[PDB]
């Protein structure tokens, strides 16, 4: 019973920060690379970040390099995505992913409102 439960999304202004969490269960978490993807309205799903088993090898999409940080805490079976200096084009549903399994998604909206 693989479960990927995400949280930490929200509604923030440009320049803001959020930290997404994906709490995993039902498989041997430490053995697998974990990924974050996003799907923005009217766009196709995009890989955002990936962290290897062991946490040593990390991938970022060029558009989030230097602003986003992916990490994992194997003792909590959780992978995280710290997002900073958020931009409107970062608006999307964000998904946790591993081995053909997807989380349910967490909404991230970046808007000044005004």
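Residue numbers count along the first chain shown, from 1.
- Here 72-80 and 36-44 are compared by their mean Cα B-factor, and 36-44 comes out higher.
- Ranked by C-alpha B-factor against the other modelled residues of its chain, residue 91 falls in the middle third.
- Ranked by C-alpha B-factor against the other modelled residues of its chain, residue 1 falls in the highest third.
- When the modelled residues of the chain are ordered by C-alpha B-factor, residue 109 sits in the lowest third.
- Placement of the Cα temperature factor of residue 63 within the chain: highest third of the modelled residues, per the deposited record.
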